[PDB]
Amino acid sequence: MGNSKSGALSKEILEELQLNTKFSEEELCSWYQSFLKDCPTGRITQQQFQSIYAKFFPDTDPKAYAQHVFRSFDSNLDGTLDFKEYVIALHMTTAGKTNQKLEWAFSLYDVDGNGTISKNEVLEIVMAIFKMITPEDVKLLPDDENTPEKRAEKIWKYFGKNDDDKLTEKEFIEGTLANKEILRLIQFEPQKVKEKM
C-alpha cells in the first residue's frame, strides 16, 4: 500500500541526515524502522535518551551530560526529540566531525538558552563531562585543566572574560577560530586521550 507510510522517513530529513553523517539512506531508513518500534510516536524522551548513554558507559555516569545534550537539541523544549535530532545528537558526542557545528557547541554551553554563555554554564557542562570519564582518565589531563573549576576558569580566561560577563555567540565563534587552544578546551573530548601534544 505504497503512497502511504506511517513508517516512511521523509526526503528532507533523509537529506539533512545524509549531509551531517556517514550513514547511507538505506542505513537511516533501516535504523528509523527499529527506532519506531521502541518509540511509536516517532519521538524519544529525555529519560530514554539518558538510558541509552547509561547503558553504554559501564564505569561512569553520563546521564547529566546526556541531559544537556538532549536539551541542546530540544528546540520547543518538549522533552522530546524526533528521529533526526536524536541521530544528530548521538553524533555530537563522538567527534566524527570537529569544529563540528560550532553551532551545537554554543547551544550546549548556553544552558539557560538565553543566547549567551556565562561562566556558571561553562562550569556546569564541564562538570557533566567529568562525570563521564574515569579518575584514571583525569590523571592524564594537564595539571591546570584537571578539575571542572580549573577548566572553566581557564576557558573563561581565554575568552578574556571577567567572572560576571556574558559571552555572545559571535565572541564564541571568533575565539574558537582565532585561538586553537580555545577550540581544544571547548570541545572537551579527550576521553582517556590527551591532545595539545
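Residues carry their position along the shown sequence, with the first being 1.
Comparing 144-152 with 124-132, the higher mean C-alpha B-factor in the PDB entry belongs to 144-152. Relative to its counterpart among 63-71 and 27-35, 27-35 has the higher mean temperature factor, C-alpha atoms as listed in the PDB entry.
Ranking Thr41, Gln50, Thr168, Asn162 by the C-alpha B-factor listed in the PDB entry places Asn162 at the top. Out of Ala89, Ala105, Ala95, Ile117, the entry records its largest CA B-factor for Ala95. Ranked against the other modelled residues of its chain, the C-alpha B-factor of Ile182 as given in the entry falls in the middle third. Ranked against the other modelled residues of its chain, the C-alpha B-factor of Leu81 as given in the entry falls in the lowest third.
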